[PDB]
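For reference, the chains in residue letters:
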Amino acid sequence: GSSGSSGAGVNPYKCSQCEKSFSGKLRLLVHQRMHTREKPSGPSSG
Ligand SMILES: [Zn+2]
């Protein structure tokens, strides 16, 4: 349970990477691919 739910989107699939979501399992996956990294662009931060 969550205390306070205003405008809580109702999607069957929600991108774990960002606050993205889709009504189709596929759409998500294909979208989750964008969050991929082949080479170490920048150094570690955070
Ligand atoms: Zn995403």
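Residues numbered from 1 in each chain as written, not as in the entry; some residues may be left out. Heavy atoms only, no water.

The deposited coordinates derive from solution NMR.

Draft legend 1. The overall build of the chain, seen in detail. Scanning the chain for helices and strands turns up 1 helix and 2 strands. Listing the helices and strands of the chain from first to last along the sequence gives β-β-α. On the principal axes, the C-alpha backbone points of the chain span a range of 40 × 30 × 15 Å. (Helix = DSSP H or I, 4+ residues; strand = E, 2+ residues; numbered from the N terminus.)

Draft legend 2. Main features of the coordination of the zinc ion. At the metal site, the zinc ion is ligated by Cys-15 (SG), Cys-18 (SG), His-31 (NE2) and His-35 (NE2), and these contacts range over 2.0 to 2.4 Å. Written as a sequence motif, the donor arrangement for the zinc ion is C-x2-C-x12-H-x3-H. Within this pair, whereas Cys-15 is found in the loop between β1 (13-14) and β2 (21-22), its partner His-31 is found in helix α1 (residues 25-32), the two being separated by 16 residues in sequence. Side by side, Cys-15 and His-31 carry an identical accessibility label, which is buried. (Donors = N, O, S within 2.8 Å, 3.2 Å for Na, K, Ca; no water. Buried < 20%, exposed > 50% of the residue type's maximum accessible area, 1.4 Å probe, protein only.)

Draft legend 3. The arrangement of the packing of aromatic side chains in detail. The full count for this structure, using the stated rule, is 0 aromatic pairs. Seen from the ring of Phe-22, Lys-20 lies directly overhead, with NZ or CZ sitting 5.7 Å from the centre. (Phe/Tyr/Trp six-rings, centres within 6.5 Å; stacked < 30°, edge-to-face > 60°. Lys NZ or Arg CZ within 6 Å of the ring centre and 35° of its normal.)

Draft legend 4. Local environment of the side chain of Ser-21. When you line up the elements, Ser-21 lands in strand β2. A polar contact of 2.9 Å, which involves the side chain of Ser-21, links it to the side chain of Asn-11. Dropping the residues within four chain positions of it, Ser-21 is found in contact with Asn-11, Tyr-13, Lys-14 and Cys-15. (Polar contact = N/O pair within 3.5 Å; in protein donor to acceptor, adjacent residues only side chain to side chain. Contact = heavy atoms within 4.5 Å.)

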